[PDB]
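Take a look at the structure below.
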Amino acid sequence: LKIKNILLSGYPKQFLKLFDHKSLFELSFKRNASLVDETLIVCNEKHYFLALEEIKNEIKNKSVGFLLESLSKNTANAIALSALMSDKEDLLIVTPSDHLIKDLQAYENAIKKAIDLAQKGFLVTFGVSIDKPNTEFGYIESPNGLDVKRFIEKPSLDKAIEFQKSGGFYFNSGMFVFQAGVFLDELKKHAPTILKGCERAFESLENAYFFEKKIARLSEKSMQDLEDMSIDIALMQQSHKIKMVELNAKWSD
């Protein structure tokens with residue numbers, strides 16, 4: 001089984017080389033590239049050459065591809081597109097680029113766990129233990145740290161303080177692992193018209209083999225009619241196939 005890193009990036013903040021000569025983007029790239037067979041970087045077409053510049057050192061025999069965006073129609077669309085650019089059978093490690101993770105061994109452990117659950121046919125999410133209850137995040141209810149009772153993305157500040165006292169609540173990391181095929185099957189079930197829109201958008205995809213790297217982008221036309229929606233709203237609030245793995249690695253956002 002092939003394993004793909006889907007590096008979600010789409011002068012933005014994650015490109016600034018502030019963290020000891022290095023950027024969040026190249027840190028996020030480097031951390032997952034070691035665990036994976038191919039990377040697919042999804043970013044805005046404006047920043048392609050910025051992105052490609054920052055990982056010029058890091059491509060050591062690595063098979064790296066890009067999906068360039070004219071418009072950004074949020075994570076549900078970026079993920080569904082990436083899955084459609086994949087073999088049904090291969091496994092997807094979906095990782096936002098604006099992440100700081102310092103304990104790399106605790107990261108690597110959680111990944112190998114998530115992979116195992118993904119082969120069982122699950123959509124794997126990652127929990128981070130709440131300290132400061134802010135309402136911009138997704139909330140995973142998990143009493144036992146593995147089964148999720150429900151997903152509530154962006155609750156009211158009443159609910160965020162109520163689930164503070166309750167215990168067994170984690171911040172959704174925004175990272176994800178799943179097989180491409182089961183992801184697309186779950187999307188068919190729960191957001192059928194979002195899968196539909198991505199399926200026809202994918203039809204008008206074209207490649208740019210110049211720039212040396214093989215690139216793919218979609219026309220502004222194709223992406224226009226797409227509903228702007230999050231994976232958390234589209235799928236994670238409705239999927240019956242969700243497990244969690246704890247991230248104890250000094251995760252920052």
Side-chain angles (χ1 to χ4, degrees), residues 4-10 12-15 25 28 38-52 64-88 90-99 123-125 136-138 151-154 172-208 211 213-239 241-242:
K4 265 197 178 178
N5 179 213
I6 310 300
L7 220 191
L8 301 169
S9 309
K13 305 194 83 185
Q14 75 243 290
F15 290 106
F25 175 82
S28 294
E38 293 186 0
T39 309
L40 179 53
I41 317 218
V42 15
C43 55
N44 199 286
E45 62 189 0
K46 294 175 204 269
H47 321 120
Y48 170 71
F49 297 91
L50 183 50
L52 220 204
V64 190
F66 275 79
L67 162 68
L68 305 183
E69 301 198 302
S70 33
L71 314 156
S72 299
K73 253 61 171 61
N74 226 293
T75 55
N77 297 297
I79 299 164
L81 290 165
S82 310
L84 295 168
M85 285 167 238
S86 295
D87 279 339
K88 256 78 142 56
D90 75 59
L91 299 159
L92 262 41
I93 302 170
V94 175
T95 53
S97 53
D98 52 25
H99 278 167
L123 304 182
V124 191
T125 192
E136 287 164 298
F137 276 116
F151 201 110
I152 45 259
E153 205 221 14
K154 301 173 182 188
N172 176 31
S173 74
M175 308 183 37
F176 295 108
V177 184
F178 28 64
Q179 189 208 72
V182 10
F183 172 83
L184 296 166
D185 285 353
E186 281 295 291
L187 204 56
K188 202 163 176 280
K189 280 218 280 292
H190 290 108
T193 61
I194 293 222
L195 176 66
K196 205 75 192 164
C198 278
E199 278 170 332
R200 51 161 274 103
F202 184 84
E203 280 300 284
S204 72
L205 185 142
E206 312 199 9
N207 297 129
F211 306 141
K213 284 280 179 224
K214 172 187 180 195
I215 256 51
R217 40 108 58 194
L218 314 103
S219 73
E220 190 177 343
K221 178 109 276 181
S222 310
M223 298 222 71
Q224 259 168 349
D225 82 296
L226 257 50
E227 185 170 6
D228 186 295
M229 186 166 288
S230 209
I231 193 58
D232 313 73
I233 291 159
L235 181 57
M236 305 298 165
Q237 284 196 163
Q238 276 128 239
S239 184
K241 302 187 176 166
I242 302 167

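Starting from 1, each residue takes its place in the sequence as its number.
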For a quick test of your reading: what N or O donor-acceptor pairs under 3.5 Å do the side chains of residues 221-228 make, sequence neighbours left out?
{"from": "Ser222", "atom 1": "OG", "to": "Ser204", "atom 2": "OG", "distance (Å)": "2.6"}
{"from": "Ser222", "atom 1": "OG", "to": "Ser219", "atom 2": "OG", "distance (Å)": "2.6"}
{"from": "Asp228", "atom 1": "OD1", "to": "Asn74", "atom 2": "ND2", "distance (Å)": "3.1"}

Quick check for you: to the nearest 0.5 Å, what is the distance between [X] atom [atom1] and [Y] atom [atom2]?
X: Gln14; Y: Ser28; atom1: CD; atom2: OG; value: 8.5 Å
X: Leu67; Y: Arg217; atom1: CG; atom2: CZ; value: 10.0 Å
X: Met85; Y: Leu40; atom1: CE; atom2: CG; value: 6.0 Å
X: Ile6; Y: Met175; atom1: CD1; atom2: CE; value: 12.5 Å
X: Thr125; Y: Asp232; atom1: OG1; atom2: CG; value: 7.5 Å
X: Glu206; Y: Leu68; atom1: CD; atom2: CG; value: 12.5 Å

Quick check: are there more than 12 heavy atoms from other residues, nucleotides or ligands sitting under 6.0 Å from NZ of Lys213?
->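 Yes, because the 6.0 Å sphere around NZ of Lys213 holds more than 12 heavy atoms from other groups.
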
Treating [X] as the side-chain partner and [Y] as the backbone partner, does any N or O pair qualify as donor plus acceptor under 3.5 Å?
X: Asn44; Y: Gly10; answer: no
X: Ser97; Y: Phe25; answer: no
X: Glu38; Y: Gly65; answer: no

Smallest separation among heavy atoms of [X] and [Y], with atom names:
X: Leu92; Y: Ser86; answer: CD1-OG, 3.8 Å
X: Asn5; Y: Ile93; answer: ND2-O, 3.0 Å
X: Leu8; Y: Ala78; answer: CD2-CB, 3.9 Å
X: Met236; Y: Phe151; answer: O-CB, 3.3 Å
X: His190; Y: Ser239; answer: CE1-CA, 4.0 Å
X: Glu220; Y: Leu71; answer: O-CD1, 3.6 Å

Take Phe178 and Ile79 through the side-chain contact (heavy atoms from CB on, under 4.5 Å) test and state the conclusion after the steps.
-> CA-CA 11 Å; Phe178 28 64; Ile79 299 164; 3.9 Å; yes

Can you name the residues that form a salt bridge (charged side-chain N to carboxylate O under 4.0 Å, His left out) with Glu69, not counting sequence neighbours?
->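 Per chain and number, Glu69 pairs via salt bridge (charged side-chain N to carboxylate O under 4.0 Å, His left out) with no residue.
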
Could you list the residues that satisfy salt bridge (charged side-chain N to carboxylate O under 4.0 Å, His left out) with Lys154, not counting sequence neighbours?
->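 For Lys154, no residue satisfies salt bridge (charged side-chain N to carboxylate O under 4.0 Å, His left out) once neighbours in sequence are set aside.
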
Is there side-chain contact between [X] and [Y], with heavy atoms separated by less than 4.5 Å?
X: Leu81; Y: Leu218; answer: yes
X: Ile231; Y: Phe183; answer: yes
X: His47; Y: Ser9; answer: no

Which is it for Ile233 and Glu153 under the side-chain contact (heavy atoms from CB on, under 4.5 Å) test, yes or no, and what are the steps along the way?
-> CA-CA 7 Å; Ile233 291 159; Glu153 205 221 14; 3.4 Å; yes

Any pair counted as salt bridge (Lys or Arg N to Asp or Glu O under 4.0 Å), so long as it reaches residues 178-190, sequence neighbours left out =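 The answer is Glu186-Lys189, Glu186-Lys241.
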
Do any pairs count as a salt bridge (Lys or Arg N to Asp or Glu O under 4.0 Å) and have a residue in residues 174-184, sequence neighbours left out, and if so which ones?
->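 Sorted pair list comes back empty.
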
Can you say whether the rings of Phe49 and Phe211 are parallel (under 30°), tilted (30 to 60°) or perpendicular (over 60°)?
->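 Plane angle over 60°, so perpendicular.
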
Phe66 and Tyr48 aromatic ring geometry - parallel, tilted or perpendicular at 30°/60° bounds |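 Geometry flag for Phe66 against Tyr48: perpendicular rings.
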
Could you pull out all residues at least two apart from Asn77 that satisfy side chain to side chain donor-acceptor pair (under 3.5 Å)?
->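 For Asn77 there are no side chain to side chain donor-acceptor pair (under 3.5 Å) partners, ignoring immediate neighbours.
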
